[PDB]
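1. let's see this in three dimensions:
(6 chains, ligands or ions: 2)
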Amino acid sequence: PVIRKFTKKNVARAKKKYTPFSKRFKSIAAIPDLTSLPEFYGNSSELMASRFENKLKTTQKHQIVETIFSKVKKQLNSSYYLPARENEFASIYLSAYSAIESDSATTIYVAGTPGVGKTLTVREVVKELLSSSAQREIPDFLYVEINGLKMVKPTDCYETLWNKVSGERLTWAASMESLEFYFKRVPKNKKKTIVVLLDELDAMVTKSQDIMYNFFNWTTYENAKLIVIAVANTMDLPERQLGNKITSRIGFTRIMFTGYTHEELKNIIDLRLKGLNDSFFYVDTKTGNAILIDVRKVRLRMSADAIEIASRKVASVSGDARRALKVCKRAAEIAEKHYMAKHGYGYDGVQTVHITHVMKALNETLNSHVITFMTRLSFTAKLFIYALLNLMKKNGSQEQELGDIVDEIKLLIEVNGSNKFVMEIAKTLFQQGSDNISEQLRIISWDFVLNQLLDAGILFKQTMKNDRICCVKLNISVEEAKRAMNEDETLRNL
Amino acid sequence: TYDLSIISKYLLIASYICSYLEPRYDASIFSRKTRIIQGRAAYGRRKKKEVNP
Amino acid sequence: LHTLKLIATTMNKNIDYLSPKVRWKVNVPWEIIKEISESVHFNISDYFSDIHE
Amino acid sequence: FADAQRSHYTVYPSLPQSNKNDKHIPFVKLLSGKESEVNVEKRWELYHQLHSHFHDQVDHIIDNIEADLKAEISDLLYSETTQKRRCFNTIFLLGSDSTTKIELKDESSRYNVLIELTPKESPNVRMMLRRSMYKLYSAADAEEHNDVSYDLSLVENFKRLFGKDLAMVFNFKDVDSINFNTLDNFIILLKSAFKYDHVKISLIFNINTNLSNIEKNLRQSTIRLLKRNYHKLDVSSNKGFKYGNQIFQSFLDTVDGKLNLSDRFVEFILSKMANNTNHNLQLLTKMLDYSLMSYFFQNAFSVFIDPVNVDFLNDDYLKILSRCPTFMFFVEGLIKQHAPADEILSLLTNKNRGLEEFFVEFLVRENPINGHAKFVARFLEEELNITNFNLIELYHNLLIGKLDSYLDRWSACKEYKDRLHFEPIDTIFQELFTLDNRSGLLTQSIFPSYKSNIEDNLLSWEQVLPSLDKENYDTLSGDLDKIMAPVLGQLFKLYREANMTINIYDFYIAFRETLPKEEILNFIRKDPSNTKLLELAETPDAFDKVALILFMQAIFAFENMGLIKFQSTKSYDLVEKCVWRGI
DNA sequence: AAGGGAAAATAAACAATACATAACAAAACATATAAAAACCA
DNA sequence: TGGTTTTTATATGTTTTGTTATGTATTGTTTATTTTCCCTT
Ligand SMILES: Nc1ncnc2c1ncn2[C@@H]1O[C@H](COP(=O)(O)OP(=O)(O)OP(O)(O)=S)[C@@H](O)[C@H]1O
Ligand SMILES: [Mg+2]
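-> Numbering: from 1, shown residues only, chains lettered A, B, ... in the order given. Ligands and ions are numbered 1, 2, ... in the order given. Structure as follows:
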């Protein structure tokens, strides 16, 4: 053939049609009743989604030990009736019950900081009104999860929504014309109400904001039976992206979920422990396996002030329910490994999770490690920081020339030549120990420890090929660098 | 060195003068024409620079 | 003389010759402009003898 | 949506029905409308047979400057059998325009690809290679009658994929416009192809200026690679003058025996061709054509260079040829020698037959300088083996009589300076059949003082606009036109007398004092129709506002002409002047 | 011929602007393949 | 109708080109002080 200027030998193209839905029935009066039609609304798709359960199955299982603390960690998982979002349940459920019962269309906007129960309680709204629809007090509907961070492209939401509505695989430019003809032209007698959840709406609108307009404008149509529950993080995402006249035309509700208080965290943690706290297990003393009601009848209480200080500390910072369920899951496995080490069960009178297990689980996520990292570096790496801290108090310029650091390291071994530690190390730091190596310009492992501190994130270095005039910041603080160097014995005396 | 034109050859020379002499001293070096109207010519550089520009 | 890279400008993509802001400079060494000046019998060294040499 | 506000619109203009005439040639009737139509169309076709006979030979010459240059570069591109066989033969083309095609040999059991690289095709080193490996892989499938990564691994797989060995030639087009960091790194990249035993590279550098400028740009270890075998080939239209001497001789063959060349014209040709050394031959042809275009457009006696139109001769022709300055010198010579009046009167216009019978005598002389210059140029060529000479300044010194004072510089024509001696004689009526520039048309049309013609029209402006006397007392503003300058011309003399940096407001007031206050307000009121303009004129502030409106469209017109800088944006109060007259 | 004294020059601190390049955007230039669409047959 | 070829829509990759932001270097602006020769005496 022709000689190609470059090759693309890894193109894999999807079998997706190009013609939209507005061109396959030739008339609005020739559109059939779409609810009594086989390939719409997912009436045959329940075979392929259940195919992949058989791939991760294997037949070997040899008596895995399920101890006392393994049952508590299973019950504090986020995947395992919700107490502290009651007015927010009653706002989303009331707005969606009215629009389904009246064959109307609306949009519900819900925002908040991460982890506050909003993806959970929207799914609990639509599960309540699936059960209300299955009892035939509202008509049947179809429910679509759209997650913006579960998409490769932002434009894949058009493909996935129209695939769930119609069972047809089209491209995205053909899917939005298929959906737009579906919502404004197809009559209300032929359609079914659709409750789509646009989850994590921040991620879809970062580049071109053409995607948030379409889902909200489709709900203003008369013939459309579409309820967009749009859950995002910030409250001003509609008004910044769309504008003021567009967000007033749509007329959507606007809910914000405040992060939970410390008393609400206690009624989440202790709600997921009602079946196990203050309860009796059957533990055999030779394997360690516990069984809820050779064997002792042990029992399990968790301390209420341990849940208190796990709630007071988490809710004061962010207030999310994930960080409190995994600070009590982390405390439950700290208590397990000491139970596992005392009796030595391994893997195949009363147990408790103290205040000291929860504090240990909570301190390790709040401590920094840049103190502990820098006290245990080399003498060479600590001499690099100690020379950099002297330069930031001769000038305070907070980005030092790298050749000013080298001359400071040489001056600091110059002046402290009476020191007992510096006399014996300056032979092993300029000639590297023995003779036959000349006295040199950089200290031994200068390229090692400069790259060790850049890789660790402690140190920032600009991009210059002149290795002497290049500039060097810190990235941690001047205080916690000085705190780590006033601990080391040999540097604080010199 | 070059096969430039006779006025291309004086236009690199004038380019080399404009780019290394300073603009402040040009009236003292190049001016030649008599003055009908009263005025003072430029005095020139007072002292030499030891940079060799 | 500019297309032959004997006169330079400030480097912007699509500079306009026809503008107030665009300035010019020469890029030939002294050893080329000395060979040029002796061809047209112009004594360029006297213009630079009085500045330092 | 007007078309004046659009960019690039197309008019399909309306042509009238028929203008009753076959008069569609651009030549006009001369002698202020006394020349017949048959003379105008004869002077048109006698122009085109003298114009086309000149360009049939110049097109023949230009086709020989490339056929010689293709063959001179091909003697030098081939057969330099080196015994070391681990380098490239480099061809430096000194002063070459990059418009020469290079034909490679056919020469089977070998591929000969030519790879040409312009500096626009060379932004960096990988773009030089991906175009070079595309140009050889595309040109080897063209001769062959799967895809390959375009890199220098195509050079090692060339025998293992095509069966014949390679000989690639690189032709760098504008190497004075490429940057030499990239071209240095690409020659070093091509150096890595000397381990493959079946390839040979050949570089060709079209150095427009100089070799000494190139070796100061490349690194020193690259020049040591370029010196195993290099060849400097001087390629110019201006070398030895041998192609400028052929176009000027081709011109003198067309106008041999029918037009003369004044030495004021020839040294203008000789001076303007020295100011452009790179493209002489197009500029030599441009000046000979525009002077030949100028002759047949302006002289009614252009039809009198073929002898068949001499039998046409008219009375207004007889009134205009007798003011030739040689013809008065001939009548002066007949006064001073022969006393009686009648033979001079038979020469003059009172004998109606004799003067037109006097002009038919002197048209048939050969006027032999055109053949003698070709005689000298051929004789001075083959006898003395002299190459480096203009035929243009040989023809210029021959018109004066300074021939042997030009030949003494070669110091070998002393035995031949008496046999080549020629003093020209002034033939009669030679001013009517000649090419000269004493009016200043060629140095106004082809080589104008561009900016000096702009400041002279701005400053003077009386040479431009007609100062008319009758028609102004009828019109609306002719009481104002004698007392007020055009605003671009008035503002320019305030511009000219000012210093470098000038305040706009002080330049506005100094403009305003030049204007007449009473007659501008009389002119602004002399239209009774505009009510909105008469309302401005009743205001006490009328002259101060009309002067500012009229100022700041001329201070605007001086910026896009380029006469004024607005110094120091954010300030907009003072301007710097860009342009001085006379420079 | 002397000399006054204003133009010109020098220097130094400071402010304002230009410049070289980094980072990127976007249009021209280029290829690939499934779906439409002609189109013989 | 039916297979086959051709075009289009969708999708991504490549190279050139033009815009903008910014840190640093250059250049203008003002004020004090010293040298130079023109224009009055
Ligand atoms: N009120 C609650 N009652 C019980 N469990 C809760 C409650 N809120 C959150 N959880 C648990 O914590 C998890 C947090 O999920 P969500 O908070 O709904 O996610 P989220 O609000 O979308 O946070 P994102 O995705 O970062 S915006 C849920 O899956 C539950 O397991
Ligand atoms: Mg969520």
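2. give me the neighbour count for the residue nearest to residue A:200 when sequence neighbours are not counted.
-> In space, and not counting its chain neighbours, residue A:200 is closest to residue A:148: 4.2 Å by CB to CB, 6 or more residues apart in numbering or on different chains. Yep, even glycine has a C-beta here, placed from its N, CA and C like the rest. Residue A:148 sits with 20 neighbouring residues when counted by other CB atoms under 10 Å in any protein chain shown.
3. roughly how far apart are residue A:148 and residue A:176?
-> For residue A:148, the distance to residue A:176 (CB to CB, to the nearest Å) stands at 16 Å.
4. partners of the one residue in chain C that gets nearest to chain B in the sheet?
-> Going by CB to the nearest CB, chain B is nearest to residue C:26 of chain C, at 4.0 Å. For residue C:26, the beta-bridge partners are residue C:7 (DSSP bridges).
5. residue contacts, it?
-> Contacts here follow CB atoms under 8 Å, 6 or more residues apart in numbering or on different chains; on that basis residue C:26 touches B:12, B:15, B:16, B:18, B:19, C:6, C:7, C:8, C:33.
6. what of residue D:366?
-> By CB under 8 Å, 6+ apart, residue D:366 lies in contact with residue D:257.
7. hang on, the residue nearest to residue A:200 packs against residue A:202?
-> Yes. Applying CB atoms under 8 Å, one finds residue A:148 in contact with residue A:202, separated by 6.9 Å.
8. interface residues of chain B facing chain D?
-> B:1, B:2, B:3, B:4, B:5, B:6, B:7, B:8 (CB under 8 Å from any CB of the partner chain).
9. recalculate using a threshold of 7 Å.
-> B:1, B:2, B:3, B:4, B:5, B:6, B:7 (CB under 7 Å from any CB of the partner chain).
10. all strands of chain C, in order?
-> Applying DSSP state E to chain C gives strands spanning C:7-9, C:24-26.
11. could you check the last one against DNA strand F for contacts?
-> To tie it back to what came earlier, the one meant is strand C:24-26. No. Strand C:24-26 lies out of reach of DNA strand F by CB under 7 Å from any atom of the strand, never closer than 9.1 Å.
12. and residue A:250, how far is that from residue A:93?
-> Remark: distance between residue A:250 and residue A:93 (CB to CB) = 21 Å.
13. select the longest helix from chain B.
-> Secondary structure assigned by DSSP state H gives helix B:6-18 as the longest helix of chain B.
14. distance check, the residue in chain C positioned nearest to chain D against residue D:569.
-> Ranked by CB to the nearest CB, the top residue of chain C for proximity to chain D is residue C:20, at 4.4 Å. In this view, residue C:20 and residue D:569 are 11 Å apart by CB to CB.
15. do the same with residue D:454
-> 26 Å.
16. now rank the contacts of residue C:26 by neighbours and give me the top one.
-> For the contacts of residue C:26, the largest neighbour count, defined by other CB under 10 Å, is 23 neighbours, found at residue B:16.
17. state the phi and psi torsions of the residue in chain C positioned nearest to chain A.
-> Closest residue of chain C to chain A, CB to the nearest CB: residue C:11 (20.9 Å). Main-chain torsions, residue C:11, degrees, to the nearest 10: phi -90, psi 100.
18. ditto for residue D:115
-> When read as degrees, to the nearest 10, the backbone of residue D:115 gives phi -120, psi 110.
19. spit out the contact partners of it.
-> By CB atoms under 7 Å, 6 or more residues apart in numbering or on different chains, the contact set of residue D:115 is D:132, D:135, D:136, D:168, D:169, D:170, D:171.
20. still on that earlier bit, just the closest of the contacts of residue C:26 to DNA strand E, please.
-> Using CB to the nearest atom of the strand, residue C:8 comes nearest to DNA strand E of the contacts of residue C:26, at 8.2 Å.
21. was I right to think that closest one contacts residue C:27?
-> Yes. Using CB atoms under 7 Å, residue C:8 is in contact with residue C:27, at 4.7 Å.
22. so for residue C:20 and residue D:569, which sits in the more crowded spot?
-> Each of residue C:20 and residue D:569 has its neighbours counted (other CB under 10 Å); residue C:20 has more, 14 against 6.
23. mind listing the residues bridging to the nearest residue to the more buried one once chain neighbours are set aside?
-> Among residues not flanking residue C:20 along the chain, residue D:565 sits closest, at 4.4 Å (CB to CB, 6+ apart). Beta-bridge pairing of residue D:565 under DSSP bridges involves residue D:576.
24. pretty sure residue D:565 is touching residue D:578, no?
-> Yes. With contact defined as CB under 7 Å, residue D:565 and residue D:578 form a contacting pair (5.7 Å).
25. what residues are shared contacts of the two?
-> Between them, residue D:565 and residue D:578 share the contacting residues residue C:20, judged by CB under 7 Å, 6+ apart.
26. kindly report the residues of chain D close to DNA strand F.
-> Within chain D, the positions lying close to DNA strand F (CB under 7 Å from any atom of the strand) are D:120, D:121, D:123, D:127, D:130, D:567, D:568.
27. what's the neighbour count on the nearest residue to the second one once chain neighbours are set aside?
-> The one in question is residue D:121. Nearest non-adjacent residue to residue D:121, counting by CB to CB, 6+ apart: residue D:131, 5.8 Å away. When counting by other CB under 10 Å, one arrives at 18 neighbours for residue D:131.
28. confirm that residue D:131 sits in a strand.
-> No. Using DSSP: H, G, I helix; E, B strand; the rest coil, the assignment for residue D:131 is helix, not a strand.
29. how about stretch D:504-516 as PDB, C-alpha atoms only?
-> What follows is stretch D:504-516, C-alpha atoms only, in PDB (Å, rounded to 0.1, in the frame of the first residue of the first chain):
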ATOM      1  CA  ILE D 504       1.000  65.400  23.400                       C
ATOM      2  CA  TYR D 505      -0.700  68.400  25.100                       C
ATOM      3  CA  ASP D 506       2.100  70.900  24.300                       C
ATOM      4  CA  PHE D 507       2.100  69.400  20.800                       C
ATOM      5  CA  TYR D 508      -1.700  69.900  20.600                       C
ATOM      6  CA  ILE D 509      -1.500  73.600  21.600                       C
ATOM      7  CA  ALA D 510       1.400  74.200  19.200                       C
ATOM      8  CA  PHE D 511      -0.700  72.700  16.400                       C
ATOM      9  CA  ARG D 512      -3.700  74.800  17.400                       C
ATOM     10  CA  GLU D 513      -1.900  78.200  17.200                       C
ATOM     11  CA  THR D 514      -1.100  77.500  13.500                       C
ATOM     12  CA  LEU D 515      -4.800  77.300  12.500                       C
ATOM     13  CA  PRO D 516      -7.000  80.200  11.600                       C
END
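30. what's in contact with that stretch?
-> Residues outside stretch D:504-516 that contact it (CB under 7 Å, 6+ apart) are D:483, D:484, D:490, D:491, D:494, D:498, D:547, D:548, D:551, D:573, D:574, D:575.
31. quick check: buried residues in that stretch?
-> The neighbour-count check on stretch D:504-516 (16 or more other CB atoms under 10 Å in any protein chain shown) flags D:504, D:507, D:508, D:511, D:512, D:515 as buried.
32. and the strands in the chain, which stretches?
-> You didn't pick a chain, so chain A it is. Assigned by DSSP E, the strands in chain A fall at A:106-112, A:141-147, A:193-199, A:226-231, A:253-257, A:279-284, A:290-292, A:295-302, A:350-353, A:400-401, A:459-461, A:471-474.
33. can you look at chain D instead?
-> Using DSSP E, strands in chain D cover D:89-94, D:111-117, D:166-172, D:201-205, D:230-234, D:260-261, D:434-435, D:501-503, D:564-565, D:574-577.
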